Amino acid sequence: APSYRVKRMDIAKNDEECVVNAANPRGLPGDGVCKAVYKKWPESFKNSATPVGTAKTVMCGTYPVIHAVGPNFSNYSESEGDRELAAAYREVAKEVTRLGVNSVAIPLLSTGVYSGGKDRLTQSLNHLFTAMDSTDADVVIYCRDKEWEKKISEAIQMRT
């Protein structure tokens, strides 16, 4: 019985068998959130570069870090941006399946400084759902805002 859950906490303190890093295509560490993923799994950033709309797994010991590069909507068109966001989540599902993990910690891609200053909770979450709905892994979504936690919780509830 694989479930969706949401937790308002630092993804770097996840209790899942792998994590998804909200990554840049340069495989570079970044600030804010990514700075805490880097600090907890720094050697996961060795050759972690992957193009926009792709995912790449780097092992930190035996702990898989899935570098998922959602589009920067500042740079992309709404329609291509949407295409790239869907693709990234699809590659995450592929990686989660290939790794054979029973659970994954995943943020909402392209909802922070890649959002183009827009609210993409529903857009990002629905693409997450489309991709992960075909996997048998428990999915734990990580956010920081209070409301977002609630809106994500409700969206999970009203599919079951």
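The term rigid core refers to the most C-alpha atoms you can superpose between the two forms while keeping them within 1.5 Å. Just count from 1 along the sequence shown to find any residue number.
Enquirer: After a rigid core fit, does 33-41 or 54-62 show more C-alpha displacement in 6 other deposited structures of this protein?
Expert: So, of the two stretches, the farther one in 6 other deposited structures of this protein is 33-41.
Enquirer: Tell me which stretch, 52-60 or 39-47, has the higher mean Cα B-factor listed in the entry.
Expert: Stretch with the greater average CA B-factor: 39-47.
Enquirer: Where do the C-alpha atoms have the higher mean temperature factor in this entry, in 115-123 or in 101-109?
Expert: So the stretch with the higher mean C-alpha B-factor is 115-123.
Enquirer: Specify which of 69, 128, 28, 96 carries the largest Cα B factor in the deposited PDB entry.
Expert: Of the candidates given, the C-alpha B-factor peaks at 28.
Enquirer: How does residue 17 rank on Cα B-factor within its chain, lowest, middle or highest third?
Expert: Residue 17: CA B-factor falls in the lowest third of its chain.
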